[PDB]
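These notes concern the structure reproduced below.
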Amino acid sequence: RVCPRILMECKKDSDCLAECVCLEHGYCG
């Protein structure tokens with residue numbers, strides 16, 4: 001659940017770094 005507070009777009013969870021996942025806004029946590 002280590003996902004620093006950043007607002008970038010994504011398409012799938014594994015899109016961002018660390019353990020971030022793609023939330024409702026289609027953006028990473």
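Cβ atoms are placed via backbone N, Cα and C, with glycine included.
What Swiss-Prot annotates here:
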DISULFID  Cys3-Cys20  disulfide bond
DISULFID  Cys10-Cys22  disulfide bond
DISULFID  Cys16-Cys28  disulfide bond
My understanding is the cutoff is Cβ-Cβ under 8 Å with a sequence separation of 6 or more in the same chain; which residues meet that for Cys28 (disulfide bond)?
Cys3, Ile6, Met8, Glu9, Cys10, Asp15, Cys16, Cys20, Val21, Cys22
Please work out the number of neighbouring Cβ atoms within 10 Å of the Cβ of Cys16 (disulfide bond), leaving out its own Cβ.
19
Other Cβ atoms within 10 Å is the metric here; tell me which of the disulfide-bonded residues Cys3, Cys10, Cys20, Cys22 scores highest.
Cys20
